[PDB]
Every structure is written in structure tokens, then in C-alpha cells.
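Visitor: Any chance you can model this:
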Amino acid sequence: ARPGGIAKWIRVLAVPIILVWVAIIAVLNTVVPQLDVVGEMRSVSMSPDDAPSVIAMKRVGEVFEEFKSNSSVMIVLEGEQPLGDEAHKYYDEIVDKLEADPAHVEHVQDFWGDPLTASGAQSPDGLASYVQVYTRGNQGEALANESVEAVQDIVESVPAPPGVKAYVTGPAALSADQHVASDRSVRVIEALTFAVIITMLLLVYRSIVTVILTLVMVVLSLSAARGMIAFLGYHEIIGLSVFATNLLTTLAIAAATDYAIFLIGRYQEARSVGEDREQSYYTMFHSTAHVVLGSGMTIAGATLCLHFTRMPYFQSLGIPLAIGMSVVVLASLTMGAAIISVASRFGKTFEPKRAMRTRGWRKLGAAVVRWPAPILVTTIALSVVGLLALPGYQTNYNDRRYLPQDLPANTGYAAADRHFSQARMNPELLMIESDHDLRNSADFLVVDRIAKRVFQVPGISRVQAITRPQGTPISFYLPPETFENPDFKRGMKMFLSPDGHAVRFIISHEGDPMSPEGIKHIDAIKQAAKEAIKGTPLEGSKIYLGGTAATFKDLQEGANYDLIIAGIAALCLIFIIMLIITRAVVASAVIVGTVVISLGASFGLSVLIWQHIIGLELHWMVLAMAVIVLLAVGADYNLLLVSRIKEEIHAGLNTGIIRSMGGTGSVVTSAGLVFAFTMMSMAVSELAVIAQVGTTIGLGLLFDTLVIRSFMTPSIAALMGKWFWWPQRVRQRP
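Guide: Numbering: from 1, shown residues only. The coordinates are given below.
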């Protein structure tokens with residue numbers, strides 16, 4: 001703990017460091033609009049540009065020369081009276097104003113305006129109708145969001161008939177309203193988070209000056225991280241998703257508070273022993289700076305490991321989170337060290353106010369070292385009972401239930417569900433692109449065969465084709481005289497390619513295409529079409545199938561494998577960081593394995609609460625987003641405890657554990673409580689996925705703070721003895 005190294009440089013350059021950090025924070029906050037504005041502008045596609053569903057939909061748009069993007073929303077009309085006179089008119093002005101805005105609307109698939117296909121766009125009771133309009137964008141980008149906003153504005157501009165109401169729904173509408181749901185509760189999230197942290201810092205320190213300075217450090221670090229992320233995103237360097245902003249804000253605040261708590265706790269412990277301010281600061285730095293740096297590097301690397309998946313949301317989550325956490329770590333180490341150094345020499349600023357809680361934690365350490373075998377067994381049992389949630393763990397792929405029901409997309413879905421069957425606003429599009437003109441009598445037998453065979457597939461409730469213009473059935477033969485009928489000419493134009501080389505089918509699911517059963521439906525439809533076109537003068541045609549079910553098939557087929565690989569990479573990277581810091585293989589393995597064990601209890605608590613008490617099943621992204629943060633932060637707490645043990649080995653393996661636990665008990669307890677409660681502060685989010693992720697991470701941090709670091713790791717250390725620090729040389733005796 002001799003004065004020297006980076007600590008002395010920071011202490012002597014404290015004021016310049018603070019001024020430089022403040023200046024760059026101001027620059028990054030005054031040269032770019034804001035993080036929320038950038039995230040709205042730089043929203044990422046919900047699906048990769050090379051996904052089979054995206055390619056199929058763009059190919060359908062290109063062949064038919066209608067659209068070129070991958071965004072579409074459904075406009076549904078709901079009237080108290082049956083849709084009749086003046087309702088068709090209202091629909092007509094709506095579609096006319098839609099086709100007069102090429103900047104947002106690419107094509108309007110007008111089925112209800114055509115008497116041939118009018119019955120196919122109406123509900124059986126006749127009280128509702130819908131039209132699919134194709135907008136510009138890729139269903140998740142910003143451009144798609146302004147497209148949906150423009151469509152809603154156009155719909156609301158037209159005066160409605162006395163009893164007819166129009167809604168704008170669809171998966172693109174749901175994605176667009178995700179952003180507006182976030183940017184109405186993100187402020188509530190940050191306000192509640194700051195209130196919680198202020199209260200808990202007041203409880204921990206009982207000092208107003210210390211709390212104010214901790215808030216200053218946290219606010220400056222958060223502003224630096226958010227400014228860096230906004231600067232990167234605004235320059236189209238990184239992509240930002242809706243979840244990225246919320247997780248970045250909460251994680252930055254919580255991690256900054258944790259680093260401040262670590263530094264201040266070490267400084268105040270050094271002061272309580274009876275060391276002057278300079279030696280106290282030097283001891284704090286030499287004991288906690290590497291721990292904080294490694295703790296932040298673990299979070300940064302763990303979040304970075306998400307970039308290696310194929311899901312665009314997870315890449316948009318990965319790099320920005322890593323950059324934000326790294327900026328938080330620098331603005332914690334350098335800024336907090338400088339601020340502590342400056343403020344210590346201004347009276348009783350950071351001086352401890354109440355007491356230190358060694359005696360209780362020393363008694364707990366004595367209990368742990370006395371019975372290391374009976375303990376760690378209770379902890380393994382408490383961590384594995386969460387696996388009882390596997391027989392019954394249900395995941396939900398539909399984002400409809402994870403958004404407030406008052407959003408325009410949810411309202412439109414609710415209105416459609418009153419009159420139409422389930423998932424009629426999410427149709428599948430099947431295109432079979434041939435190599436010859438299909439507008440002859442022979443090929444319509446094949447087309448009708450395809451329509452009939454796809455309809456006969458279980459889980460398919462409606463197939464709309466040229467031979468079934470209304471989606472319902474009317475040995476087949478069309479006389480050539482039908483080809484000159486103008487009604488049939490319009491039908492072929494609306495269902496066949498302009499050159500006649502492609503045929504289009506609209507397919508509606510019996511159930512929800514969100515589920516993996518809807519994923520099996522895609523393969524069933526493709527196989528049925530391939531067998532239908534078998535042994536006919538149409539073989540070799542390229543089958544394109546696109547829609548919601550195909551999109552989520554492309555998302556989910558490799559998602560589980562990608563997430564497993566990402567988690568394994570995160571574990572490996574955290575283990576490498578622990579190995580670099582502690583220089584002990586066994587200690588690093590224990591640190592990274594205890595959190596893996598506690599993942600069971602975290603998962604059990606989350607699947608219990610959300611799936612049973614609340615009733616809302618866990619979103620299929622929640623575990624993926626939560627496991628990374630859990631592994632990072634639990635390993636960080638274990639790192640702090642293990643490093644403190646390492647500093648105390650010279651007194652003995654058992655006395656070292658006892659003294660280290662006594663030293664770090666209250667500090668790590670406060671840090672873990674702050675992190676967990678900041679994480680669960682997302683419970684007020686209007687994005688139920690965000691709330692689920694936050695509550696899961698908070699419950700996991702509460703569990704491991706109360707169990708793992710307290711009893712499991714110390715008991716493992718006591719059991720291992722000299723082998724805990726392997727292959728490090730161990731004194732092994734006082």
C-alpha cells in the first residue's frame with residue numbers, strides 16, 4: 001500500500017481528470033441530440049437482411065412489382081352496423097390517401113374494394129373488414145416506424161361515418177408502438193431508480209454529503225456512457241434496439257453505484273482502522289481498483305458475447321452495452337478516485353458516520369469455517385430447487401401480450417379478434433415462381449391443386465388464391481373464355497405476376513403462428529406445395545414462403561444454439577478475466593461456477609412469479625438477456641470477496657476468510673441490494689419484456705448476494721484450503 005503507481009498520478013491529477021471528464025461529458029451531450037432520440041432514429045431491423053423470410057417477402061414484392069421493403073401493417077374497419085353504404089366510401093378515401101403517399105406506402109393490397117374478392121376481406125357477421133397495406137421499411141427500422149406513424153395519421157385524418165372506426169394493426173405496427181411504449185415509461189424507470197438508490201444510500205451512509213457525491217459520480221458516469229453510445233449510434237457506427245437503451249441506462253446506473261460503493265466502503269474501512277486520508281485513499285485504490293476494473297471488464301465482455309448470435313436485437317444489444325459498460329468503468333475508476341481524493345481533504349466529507357458491521361459478519365465467518373461441509377449443501381439445495389420450474393416452464397413468442405392494451409396495435413388486434421378468427425391479421429404469403437407464363441388453362445389445374453393441398457394441411461384455416469378469390473371453395477377445368485373476362489383479368493393481375501411467371505397464395509393459420517406449431521406449419525406448407533407441383537409442367541419452380549410464421553422460424557431455428565454458444569463464451573471470458581486477476585485456476589473456477597449454480601434459483605424464482613402469480617409467461621428473450629448480467633455481476637461480487645480473502649491469507653486460511661468476510665460483509669451486501677433493487681426498478685416498464693428481464697436479474701442478484709457470496713464461496717474456500725489458490729504458493733499456516 002505504498003504511495004505509487006497509477007494511484008499517485010490520479011491523486012495528483014484529480015482536478016484535471018474531473019475537469020476533462022466533465023468537459024467530454026458536456027461535449028458528448030451537446031453535439032448529439034440524445035440517446036433516446038438516436039435510438040428512435042437508429043432502430044435496428046427485427047430480422048436479418050439475409051433471413052429466408054425477408055428474402056422471400058422481398059422477392060414477392062420484386063416479382064409482382066408492388067413493393068421492395070419488408071414492412072406491412074393491417075388496417076381494420078370495425079363498425080357497430082354491418083359495413084355497407086358510406087363504409088365502402090370511407091375505405092375508398094382511406095386507400096386513396098394511402099396511395100397518394102409513396103413516401104411511406106409502397107402498395108395497398110385492396111381486396112375489399114374488388115367485388116371478386118370483397119367477401120374474402122370481410123368478417124362472417126359483416127361488421128368488420130380489413131386491408132393489408134405495405135409500407136417502406138424492414139419492420140423494426142426507424143423508417144418503418146415513421147411509415148406506421150404516417151399510415152395512422154392518414155387513417156385518423158379521414159372523417160369517420162357515424163359508427164365506423166378504423167384501426168391500424170399488424171406486426172410492424174406492434175414493433176412501431178414498442179418504441180412509443182418505451183418512451184413513455186423510461187422516464188418513470190429512471191425516476192424510480194434514482195429514488196430507490198437515493199433512499200438506500202441514505203440508509204447505508206446516514207450522510208447527506210456522501211450520498212450527494214455518490215449521486216454526482218453516478219450521474220456523471222451515466223451521462224458519459226449515454227453520450228458515448230448516442231455519439232456512436234448517431235454516426236451509424238452501432239445499431240440501437242428498444243431494449244438496448246433501457247438495459248444500458250439501468251446497468252450503467254447500477255454498476256456506477258456499485259463501483260462507488262466499493263470504493264467508498266474500502267476508503268471508510270481504511271479510515272476506521274486509524275489511517276490518515278492519504279494512506280486510506282492509497283489502500284482503497286490498491287485494494288479495489290483492480291477489482292472494479294475486472295468487475296467492469298466481466299460485464300463488458302459478457303455483454304459483448306451477445307454480438308456473436310444471429311438475432312439482430314442481440315447484436316444491437318451487445319456492442320452498445322459493452323461500450324457503455326467500459327465507459328462506466330473508466331468514469332468510475334478515474335472519476336471516483338479523483339473525487340474521493342479531492343473531497344477527503346475538505347473536512348469530514350467521506351469520513352465514516354455510524355460504525356462498521358464486522359462483528360456479525362465475523363460470527364458468520366466463524367460459523368462458515370466451523371461447518372464448511374454442512375453449509376454449501378444448504379446453498380446447493382437452495383440453488384437447485386429452482387430447477388423444479390422446468391416441468392412446466394412455458395415461453396411465449398407473441399409480443400402482443402407484452403405491451404399495454406391501450407396501444408393502437410393492441411387495440412387493432414383486439415378489434416380484429418372480436419369479428420375475425422385468431423391470427424387473421426398475420427397471414428402467410430406463398431409464391432411459386434415458374435419459368436413460363438402460367439395464364440393458361442392447364443396451369444390453373446396445378447394452381448388449384450396447390451391451393452387445395454395447402455388448405456388441407458392441418459393448422460391452416462384459409463387459403464386465398466386465383467381459383468379461390470374469396471378464400472373459400474367455389475377434377476377442375478377452366479374454359480379458355482374465362483381468360484378474356486375483365487373480372488378474371490383483374491383477378492389474375494391481383495394474384496399473378498405481371499409477366500405471368502409467378503403465382504401467389506394468401507394463407508391464414510388455424511392457431512397462433514407465434515408458437516413452434518406455426519413454425520412446423522411453414523415446413524408443412526412448403527412440402528405440400530412441392531408435392532403439388534410434382535409431376536406437372538411446372539416442376540423446378542422456386543417456392544417462396546414469407547410471413548410472421550416464416551420470420552419467427554428464421555429467428556428461432558438457430559436461436560437456442562446461438563444463445564448456448566454465447567453463454568459458454570461469456571463463461572469462458574469471465575473465467576479468463578478471473579484468472580488474469582487472481583492468478584488462481586481453482587478460485588476462478590469456483591467464482592464462475594457458483595453463479596452458474598445460482599442461475600437455477602434465479603430461473604426458478606422468475607418462472608414461479610411471472611408464470612404463476614402474475615400469470616404472464618416469460619418472454620423467450622428474457623432468459624437470454626438475464627443470464628449474461630447474472631453471470632457478470634455474481635462473478636464480480638465473488639471476485640471482490642476472493643480478492644479480499646487473498647489479501648488476508650498471510651494470517652491463515654481460516655482467519656483470512658473470517659477477516660475478509662468481516663471486512664466486506666456490509667459493503668457487498670449494500671452493493672448487491674442496490675444492484676438488485678435498481679434492476680427490479682424496471683417493474684414499472686410498459687415493455688413487459690423489459691420488466692421481466694429486470695425482475696429476473698434483480699431476483700438473481702438478491703439471491704446470490706444473500707446466499708452465494710455469504711456462504712457458498714467462503715465454505716468452498718474453507719473446504720479447499722490451500723488448493724483454493726492453485727497453483728499459487730500458499731503460506732497455509734500463520
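Visitor: Which residue, neighbours along the chain excluded, lies closest to residue 604?
Guide: residue 386 (2.1 Å; CB to CB, 6 or more residues apart in numbering). For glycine as for every other residue, the C-beta is placed from the backbone atoms N, C-alpha and C.
Visitor: same deal with residue 131?
Guide: Leaving aside its chain neighbours, residue 131 sits nearest to residue 75 (5.2 Å; criterion: CB to CB, 6+ apart).
Visitor: how does the chain divide into domains?
Guide: Domain assignment for the chain, taken from automatic domain parsing, gives 6-31+176-399+556-724, 52-169, 427-546.
Visitor: is the residue nearest to residue 131 in a bridge, and if so with what?
Guide: Residue 75 has these beta-bridge partners by DSSP bridges: residue 131, residue 168.
Visitor: just checking, it touches residue 155?
Guide: Yes - using CB atoms under 8 Å, residue 75 is in contact with residue 155, at 6.1 Å.
Visitor: Specify which residue of these two has the higher count of neighbours.
Guide: Neighbours per residue, other CB atoms under 10 Å: of residue 75 and residue 155, the larger number sits with residue 75, 26 against 21.
Visitor: how close does that one get to residue 611?
Guide: Remark: distance between residue 75 and residue 611 (CB to CB, to the nearest Å) = 35 Å.
Visitor: Residue 730 now?
Guide: In this view, residue 730 and residue 611 are 46 Å apart by CB to CB.
Visitor: Between the two, which is the more surrounded one?
Guide: residue 611 (18 against 15).
Visitor: wait, doesn't the more buried one sit right on residue 396?
Guide: No - between residue 611 and residue 396 there is no contact under CB under 8 Å: 9.5 Å.
Visitor: quick one: common contacting residues for the two?
Guide: 617, 618 (CB atoms under 8 Å, 6 or more residues apart in numbering).
Visitor: so who does the residue nearest to residue 604 touch?
Guide: 600, 601, 602, 603, 604, 605, 607.
Visitor: Give me the subset of these lying in strands.
Guide: Within those, no residue falls in strands by DSSP state E.
Visitor: Looking at these, which is nearest residue 294?
Guide: residue 602 (22.2 Å; CB to CB).
Visitor: Which residues are in contact with that closest one?
Guide: 386, 626, 630, 696, 699, 700, 703, 704.
Visitor: Now it: closest residue in space that isn't a chain neighbour?
Guide: residue 700 is the one closest to residue 602 (CB to CB, 6+ apart), at 3.2 Å.
Visitor: Test my guess that the one you found contacts residue 599.
Guide: Yes - here residue 700 reaches residue 599: they are 7.2 Å apart, a contact under CB under 8 Å.
Visitor: could I get the domains of the chain as JSON lines with distance to residue 407?
Guide: Below are the domains of the chain laid out as JSON lines (distance: least, CB to CB, whole Å):
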{"stretch": "domain 6-31+176-399+556-724", "distance to residue 407": "4"}
{"stretch": "domain 52-169", "distance to residue 407": "10"}
{"stretch": "domain 427-546", "distance to residue 407": "18"}
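Visitor: Out of those, flag the one nearest residue 41.
Guide: domain 52-169 (5.3 Å).
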